[PDB]
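See below for the structure under consideration.
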Amino acid sequence: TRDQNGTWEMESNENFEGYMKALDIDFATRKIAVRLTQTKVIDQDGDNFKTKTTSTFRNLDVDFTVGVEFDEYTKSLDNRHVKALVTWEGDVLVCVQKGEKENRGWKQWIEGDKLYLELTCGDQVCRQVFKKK
């Protein structure tokens with residue numbers, strides 16, 4: 001399915017530390033970030049996505065239209081400008097963030113009752129698993 005609608009609760013968060021370090025996020029921020037449960041809300045209407053990922057610490061709001069390039073300023077993470085593009089590869093939602101960092105992006109897909117999100121930066125991969133609430 002390409003339907004990723006819902007309120008999603010984080011089950012696990014593997015190598016978030018490595019991904020953030022690859023993004024040059026400072027030590028103290030990483031130490032807080034790695035321990036927090038995230039909730040991801042996805043409002044998907046055709047090709048229009050509105051997503052909010054939240055924790056006790058920080059919020060990440062990102063909206064996009066599939067197949068439409070958009071500029072991003074990654075204010076909630078490393079503070080960089082990237083050219084982002086989200087597209088479908090089969091049932092996998094694929095984001096490439098073109099800019100300074102190589103192999104920067106993510107892939108997101110539904111398997112059964114779970115949402116999987118794999119974030120990449122350089123040689124680092126963070127794997128997050130969410131279940132629907």
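Naming works like this for the structure tokens: A, B, ... for the chains as they're shown, residue 1 at the start of each chain, ligands 1 onward in shown order.
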
Would you pick out the contacts of segment 85-102 of chain A at 7 Å or less, using only C-alpha atoms, so that residues sharing its chain but fewer than 4 positions from it are not included, and give the list as JSON, numbers by chain? {"A": [1, 2, 66, 67, 68, 69, 70, 81, 106, 107, 108, 109, 121, 122]}

Dump of N, CA and C atoms for the selected residues, as a PDB file, in the first residue's frame:
ATOM      1  N   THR A   1       0.822  -1.205   0.000  1.00  0.00           N
ATOM      2  CA  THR A   1       0.000   0.000   0.000  1.00  0.00           C
ATOM      3  C   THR A   1       0.859   1.259   0.000  1.00  0.00           C
ATOM      4  N   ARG A   2       0.377   2.290  -0.683  1.00  0.00           N
ATOM      5  CA  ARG A   2       0.999   3.606  -0.639  1.00  0.00           C
ATOM      6  C   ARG A   2       0.307   4.518   0.378  1.00  0.00           C
ATOM      7  N   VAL A  66       4.408  14.803  -3.664  1.00  0.00           N
ATOM      8  CA  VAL A  66       5.199  13.784  -4.332  1.00  0.00           C
ATOM      9  C   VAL A  66       5.502  14.231  -5.769  1.00  0.00           C
ATOM     10  N   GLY A  67       6.771  14.164  -6.140  1.00  0.00           N
ATOM     11  CA  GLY A  67       7.180  14.499  -7.496  1.00  0.00           C
ATOM     12  C   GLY A  67       7.428  15.977  -7.720  1.00  0.00           C
ATOM     13  N   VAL A  68       7.369  16.779  -6.664  1.00  0.00           N
ATOM     14  CA  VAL A  68       7.635  18.206  -6.788  1.00  0.00           C
ATOM     15  C   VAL A  68       8.850  18.576  -5.952  1.00  0.00           C
ATOM     16  N   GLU A  69       9.918  19.009  -6.609  1.00  0.00           N
ATOM     17  CA  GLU A  69      11.133  19.412  -5.912  1.00  0.00           C
ATOM     18  C   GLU A  69      10.834  20.600  -5.006  1.00  0.00           C
ATOM     19  N   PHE A  70      11.390  20.587  -3.803  1.00  0.00           N
ATOM     20  CA  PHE A  70      11.195  21.704  -2.895  1.00  0.00           C
ATOM     21  C   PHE A  70      12.478  21.993  -2.149  1.00  0.00           C
ATOM     22  N   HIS A  81      20.820  23.908   3.820  1.00  0.00           N
ATOM     23  CA  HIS A  81      19.899  23.986   2.694  1.00  0.00           C
ATOM     24  C   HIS A  81      20.071  22.766   1.812  1.00  0.00           C
ATOM     25  N   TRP A 106      15.910   9.524   2.769  1.00  0.00           N
ATOM     26  CA  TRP A 106      15.217   8.503   3.532  1.00  0.00           C
ATOM     27  C   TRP A 106      14.294   7.689   2.654  1.00  0.00           C
ATOM     28  N   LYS A 107      13.869   6.548   3.177  1.00  0.00           N
ATOM     29  CA  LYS A 107      12.896   5.689   2.520  1.00  0.00           C
ATOM     30  C   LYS A 107      11.873   5.287   3.568  1.00  0.00           C
ATOM     31  N   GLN A 108      10.603   5.300   3.198  1.00  0.00           N
ATOM     32  CA  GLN A 108       9.533   5.071   4.147  1.00  0.00           C
ATOM     33  C   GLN A 108       8.477   4.184   3.519  1.00  0.00           C
ATOM     34  N   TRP A 109       8.049   3.161   4.243  1.00  0.00           N
ATOM     35  CA  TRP A 109       7.106   2.220   3.673  1.00  0.00           C
ATOM     36  C   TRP A 109       6.319   1.505   4.767  1.00  0.00           C
ATOM     37  N   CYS A 121      22.567   9.120   5.859  1.00  0.00           N
ATOM     38  CA  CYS A 121      23.503  10.203   5.621  1.00  0.00           C
ATOM     39  C   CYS A 121      24.893   9.599   5.526  1.00  0.00           C
ATOM     40  N   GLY A 122      25.539   9.786   4.382  1.00  0.00           N
ATOM     41  CA  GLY A 122      26.834   9.175   4.136  1.00  0.00           C
ATOM     42  C   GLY A 122      26.765   7.664   4.238  1.00  0.00           C
TER      43      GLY A 122
END

Give me the residues near residue 60 of chain A as an mmCIF file with N, CA and C atoms, in the first residue's frame, where near means some atom within 12 Å (using only C-alpha atoms) and where sequence neighbours in that chain fewer than 2 positions away do not count.
data_model
loop_
_atom_site.group_PDB
_atom_site.id
_atom_site.type_symbol
_atom_site.label_atom_id
_atom_site.label_comp_id
_atom_site.auth_asym_id
_atom_site.auth_seq_id
_atom_site.Cartn_x
_atom_site.Cartn_y
_atom_site.Cartn_z
ATOM 1 N N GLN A 38 9.199 9.170 19.662
ATOM 2 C CA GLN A 38 8.630 10.060 18.670
ATOM 3 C C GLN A 38 7.229 9.623 18.285
ATOM 4 N N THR A 39 6.399 10.597 17.942
ATOM 5 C CA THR A 39 5.108 10.341 17.334
ATOM 6 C C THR A 39 5.072 11.038 15.984
ATOM 7 N N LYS A 40 4.667 10.310 14.951
ATOM 8 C CA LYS A 40 4.656 10.863 13.605
ATOM 9 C C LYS A 40 3.222 10.872 13.100
ATOM 10 N N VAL A 41 2.726 12.046 12.733
ATOM 11 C CA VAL A 41 1.377 12.166 12.185
ATOM 12 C C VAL A 41 1.477 12.470 10.710
ATOM 13 N N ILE A 42 0.856 11.623 9.895
ATOM 14 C CA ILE A 42 0.885 11.790 8.449
ATOM 15 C C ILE A 42 -0.526 12.023 7.942
ATOM 16 N N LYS A 50 1.254 16.102 4.494
ATOM 17 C CA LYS A 50 1.573 16.974 5.610
ATOM 18 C C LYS A 50 1.975 16.086 6.772
ATOM 19 N N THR A 51 3.210 16.233 7.243
ATOM 20 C CA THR A 51 3.698 15.380 8.322
ATOM 21 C C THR A 51 4.244 16.190 9.492
ATOM 22 N N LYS A 52 4.000 15.669 10.686
ATOM 23 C CA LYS A 52 4.522 16.237 11.921
ATOM 24 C C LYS A 52 5.123 15.136 12.755
ATOM 25 N N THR A 53 6.404 15.264 13.066
ATOM 26 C CA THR A 53 7.049 14.306 13.949
ATOM 27 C C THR A 53 7.411 15.017 15.240
ATOM 28 N N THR A 54 6.950 14.491 16.374
ATOM 29 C CA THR A 54 7.111 15.206 17.635
ATOM 30 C C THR A 54 7.645 14.336 18.759
ATOM 31 N N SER A 55 8.294 14.993 19.710
ATOM 32 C CA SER A 55 8.782 14.365 20.927
ATOM 33 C C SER A 55 8.648 15.405 22.018
ATOM 34 N N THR A 56 9.062 15.068 23.231
ATOM 35 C CA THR A 56 9.037 16.044 24.318
ATOM 36 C C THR A 56 9.963 17.236 24.049
ATOM 37 N N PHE A 57 11.043 16.984 23.318
ATOM 38 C CA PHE A 57 12.093 17.968 23.036
ATOM 39 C C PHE A 57 11.734 18.851 21.857
ATOM 40 N N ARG A 58 11.686 18.249 20.675
ATOM 41 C CA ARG A 58 11.599 19.021 19.447
ATOM 42 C C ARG A 58 10.471 18.562 18.528
ATOM 43 N N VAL A 62 7.164 18.820 8.224
ATOM 44 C CA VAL A 62 7.552 18.847 6.817
ATOM 45 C C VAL A 62 6.370 18.474 5.932
ATOM 46 N N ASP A 63 6.077 19.356 4.981
ATOM 47 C CA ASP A 63 5.025 19.148 3.988
ATOM 48 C C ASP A 63 5.654 19.054 2.610
ATOM 49 N N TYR A 73 15.194 23.906 4.429
ATOM 50 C CA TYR A 73 16.166 24.384 5.386
ATOM 51 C C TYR A 73 15.950 23.527 6.616
ATOM 52 N N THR A 74 16.931 22.694 6.943
ATOM 53 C CA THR A 74 16.747 21.666 7.955
ATOM 54 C C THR A 74 16.933 22.219 9.367
ATOM 55 N N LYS A 75 16.218 23.308 9.639
ATOM 56 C CA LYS A 75 16.205 23.995 10.937
ATOM 57 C C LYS A 75 16.127 23.116 12.187
ATOM 58 N N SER A 76 15.472 21.965 12.085
ATOM 59 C CA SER A 76 15.262 21.122 13.260
ATOM 60 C C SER A 76 16.424 20.161 13.513
ATOM 61 N N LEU A 77 17.379 20.131 12.590
ATOM 62 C CA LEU A 77 18.497 19.207 12.686
ATOM 63 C C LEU A 77 19.818 19.932 12.548
#

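Nearest to residue 71 of chain A of all the residues A:32, A:5, A:84, A:12 is A:84, based on only C-alpha atoms.
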
Which residues are near segment 124-130 of chain A? Cut-off 10 Å, only C-alpha atoms, ignore same chain within fewer than 3 positions. Put them as an MDAnalysis selection string. chainID A and resid 7:23 38:40 103:111 113:121 133

Expected file: the selected residues, C-alpha atoms, as a short mmCIF file (atom, residue, chain, number, x, y, z; two decimals), in the first residue's frame:
data_model
loop_
_atom_site.label_atom_id
_atom_site.label_comp_id
_atom_site.auth_asym_id
_atom_site.auth_seq_id
_atom_site.Cartn_x
_atom_site.Cartn_y
_atom_site.Cartn_z
CA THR A 7 -0.80 8.64 13.84
CA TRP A 8 2.32 6.54 14.27
CA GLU A 9 4.11 5.73 17.54
CA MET A 10 7.81 4.94 17.62
CA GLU A 11 8.66 1.35 18.55
CA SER A 12 12.37 1.46 17.91
CA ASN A 13 15.10 3.77 16.75
CA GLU A 14 18.32 2.09 15.69
CA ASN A 15 21.49 4.10 15.08
CA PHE A 16 19.80 7.50 15.38
CA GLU A 17 23.07 8.50 17.07
CA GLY A 18 25.14 7.58 14.01
CA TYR A 19 22.83 9.34 11.59
CA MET A 20 22.84 12.53 13.68
CA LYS A 21 26.63 12.39 14.07
CA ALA A 22 26.94 12.10 10.31
CA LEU A 23 24.83 15.28 10.13
CA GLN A 38 8.63 10.06 18.67
CA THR A 39 5.11 10.34 17.33
CA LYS A 40 4.66 10.86 13.60
CA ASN A 103 23.64 9.79 0.24
CA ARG A 104 21.34 12.01 2.29
CA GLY A 105 17.69 11.08 2.31
CA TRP A 106 15.22 8.50 3.53
CA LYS A 107 12.90 5.69 2.52
CA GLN A 108 9.53 5.07 4.15
CA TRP A 109 7.11 2.22 3.67
CA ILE A 110 4.29 0.22 5.26
CA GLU A 111 4.73 -3.43 6.23
CA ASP A 113 0.72 -2.79 10.83
CA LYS A 114 4.06 -0.97 10.87
CA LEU A 115 5.64 2.09 9.25
CA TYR A 116 9.35 1.75 8.53
CA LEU A 117 11.60 4.76 8.02
CA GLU A 118 15.23 4.37 7.06
CA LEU A 119 17.24 7.59 7.19
CA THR A 120 20.58 7.83 5.48
CA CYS A 121 23.50 10.20 5.62
CA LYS A 133 -2.08 4.32 17.37
#

Please return as a CSV table (one decimal) with C-alpha atoms, in the first residue's frame: the residues of chain A that backbone DSSP assigns to strand (DSSP E).
chain,number,residue,atom,x,y,z
A,6,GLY,CA,-2.2,7.9,10.4
A,7,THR,CA,-0.8,8.6,13.8
A,8,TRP,CA,2.3,6.5,14.3
A,9,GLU,CA,4.1,5.7,17.5
A,10,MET,CA,7.8,4.9,17.6
A,11,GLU,CA,8.7,1.3,18.6
A,12,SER,CA,12.4,1.5,17.9
A,13,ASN,CA,15.1,3.8,16.7
A,14,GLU,CA,18.3,2.1,15.7
A,39,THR,CA,5.1,10.3,17.3
A,40,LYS,CA,4.7,10.9,13.6
A,41,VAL,CA,1.4,12.2,12.2
A,42,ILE,CA,0.9,11.8,8.4
A,43,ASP,CA,-2.0,13.5,6.6
A,44,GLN,CA,-1.8,12.2,3.0
A,45,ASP,CA,-4.3,13.3,0.3
A,48,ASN,CA,0.0,15.9,-0.9
A,49,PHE,CA,1.7,15.0,2.4
A,50,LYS,CA,1.6,17.0,5.6
A,51,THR,CA,3.7,15.4,8.3
A,52,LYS,CA,4.5,16.2,11.9
A,53,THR,CA,7.0,14.3,13.9
A,54,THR,CA,7.1,15.2,17.6
A,59,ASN,CA,9.1,19.1,16.6
A,60,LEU,CA,9.7,18.5,12.9
A,61,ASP,CA,7.1,19.8,10.5
A,62,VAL,CA,7.6,18.8,6.8
A,63,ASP,CA,5.0,19.1,4.0
A,64,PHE,CA,5.6,18.1,0.4
A,65,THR,CA,4.0,17.0,-2.8
A,70,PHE,CA,11.2,21.7,-2.9
A,71,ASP,CA,13.8,23.7,-1.1
A,72,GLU,CA,14.4,22.7,2.5
A,73,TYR,CA,16.2,24.4,5.4
A,81,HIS,CA,19.9,24.0,2.7
A,82,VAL,CA,19.0,21.0,0.6
A,83,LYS,CA,17.0,20.4,-2.6
A,84,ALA,CA,14.5,17.7,-1.7
A,85,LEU,CA,12.4,15.4,-3.9
A,86,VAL,CA,10.1,12.7,-2.7
A,87,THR,CA,8.9,10.0,-5.2
A,88,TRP,CA,7.5,6.5,-5.2
A,89,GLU,CA,9.5,3.4,-6.0
A,92,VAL,CA,8.4,2.8,-1.0
A,93,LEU,CA,8.4,6.5,-0.5
A,94,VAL,CA,11.8,7.8,-1.4
A,95,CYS,CA,13.4,11.1,-0.5
A,96,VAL,CA,16.6,12.4,-1.8
A,97,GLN,CA,18.0,15.6,-0.2
A,98,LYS,CA,20.6,17.0,-2.6
A,105,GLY,CA,17.7,11.1,2.3
A,106,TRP,CA,15.2,8.5,3.5
A,107,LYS,CA,12.9,5.7,2.5
A,108,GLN,CA,9.5,5.1,4.1
A,109,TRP,CA,7.1,2.2,3.7
A,110,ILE,CA,4.3,0.2,5.3
A,111,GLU,CA,4.7,-3.4,6.2
A,114,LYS,CA,4.1,-1.0,10.9
A,115,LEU,CA,5.6,2.1,9.2
A,116,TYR,CA,9.4,1.8,8.5
A,117,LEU,CA,11.6,4.8,8.0
A,118,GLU,CA,15.2,4.4,7.1
A,119,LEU,CA,17.2,7.6,7.2
A,120,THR,CA,20.6,7.8,5.5
A,121,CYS,CA,23.5,10.2,5.6
A,124,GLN,CA,25.2,5.8,8.2
A,125,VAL,CA,21.7,4.3,8.3
A,126,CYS,CA,19.1,4.9,11.0
A,127,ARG,CA,16.2,2.5,11.1
A,128,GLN,CA,13.0,3.6,12.8
A,129,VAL,CA,9.9,1.5,13.2
A,130,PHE,CA,6.5,2.9,14.2
A,131,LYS,CA,3.1,1.3,14.9
A,132,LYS,CA,-0.3,2.9,14.4
